[PDB]
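Below: one structure, written as structure tokens.
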Amino acid sequence: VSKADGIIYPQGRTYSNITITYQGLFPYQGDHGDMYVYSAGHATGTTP
Amino acid sequence: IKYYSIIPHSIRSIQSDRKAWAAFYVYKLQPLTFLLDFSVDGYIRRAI
Amino acid sequence: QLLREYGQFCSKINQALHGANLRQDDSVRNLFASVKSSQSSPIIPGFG
């Protein structure tokens with residue numbers, strides 16, 4: 001959260017040079033979450 | 001929509017041309033009060 | 001969720017109560033320092 005990871009800016013309004021507490025949908029601090037990694041399919045030499 | 005399923009991605013890369021793919025991390029969203037710091041630009045760089 | 005949406009007022013209340021408690025602690029420290037004497041005579045059975 002300190003790095004502002006996963007933060008969604010409200011599209012309706014902006015704030016400049018101020019600090020406030022805002023209620024919004026946000027990810028939990030220190031949440032590893034679910035990790036999905038894409039991988040290459042099986043291939044033999046030149047022929048996939 | 002109450003349910004979502006990730007769709008698998010497969011690449012027929014050659015063994016020599018096999019490339020690692022960046023992992024994607026999915027974090028669930030829940031309503032959360034967030035302390036927000038706004039710069040002169042107004043983008044959020046720091047939060048709690 | 002409703003309390004989290006507007007929890008700033010009670011959070012401010014916790015700080016306001018803490019400030020009064022700190023003021024009492026500061027008052028106790030000074031009062032006891034004043035009562036303490038630089039030099040004293042040891043109490044003995046049959047003092048006076």
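We name chains A, B, ... by the order of the sequence lines, and we start the count at 1 in each one.
The line from OH of A:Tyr36 to CD1 of B:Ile6 is 5.0 Å long, rounded to the nearest 0.5 Å. The OG1 atom of B:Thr33 sits 12.0 Å away from atom CD1 of A:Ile20, with the distance rounded to the nearest 0.5 Å. Atom CG of A:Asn17 sits about 9.0 Å away from atom CG of B:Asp41, to the nearest 0.5 Å. Between the OG1 atom of A:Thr19 and the CZ atom of B:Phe38 there is a distance of 8.0 Å, given to the nearest 0.5 Å. With rounding to the nearest 0.5 Å, the separation of CZ in B:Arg45 from CD1 in A:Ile7 is 10.0 Å. Taken from OG1 in A:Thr46 to CG in B:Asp17, the straight-line distance is 12.0 Å, to the nearest 0.5 Å.
Proximity of a side-chain donor or acceptor of A:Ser16 to a complementary backbone N or O of B:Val40 within less than 3.5 Å is detected. Side-chain N or O atoms of B:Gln30 include one that pairs as donor or acceptor with a backbone N or O of A:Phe26 at under 3.5 Å. No donor-acceptor pair closer than 3.5 Å links the side chain of A:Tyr38 to the backbone N or O of B:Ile11.
Ranked by heavy-atom pairs under 4.5 Å with chain A, the first of B:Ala22, B:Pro8, B:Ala20, B:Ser39 is B:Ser39. Of the listed residues (A:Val1, A:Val37, A:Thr14), the one with the most heavy-atom contacts under 4.5 Å to chain B is A:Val1. Contacts with chain A were tallied for B:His9, B:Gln15, B:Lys19; B:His9 has the most, counting heavy-atom pairs under 4.5 Å. Ranked by heavy-atom pairs under 4.5 Å with chain B, the list A:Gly33, A:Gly45, A:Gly6, A:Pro27 is led by A:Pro27.
For chain B, the nearby parts of A:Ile18 are the backbone and the side chain; heavy atoms of each come within less than 4.5 Å. For A:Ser2, the parts lying near chain B are the backbone and the side chain together; criterion is any non-hydrogen pair under 4.5 Å. A:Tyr9 touches chain B through its side chain: at least one heavy atom from C-beta onward sits under 4.5 Å away, while N, CA, C and O do not.
Within a 6.0 Å sphere centred on OH of B:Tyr43, other residues, nucleotides and ligands contribute 12 heavy atoms or fewer.
Nearest heavy atoms, A:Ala40 versus B:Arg18: CB-CG, 4.2 Å.
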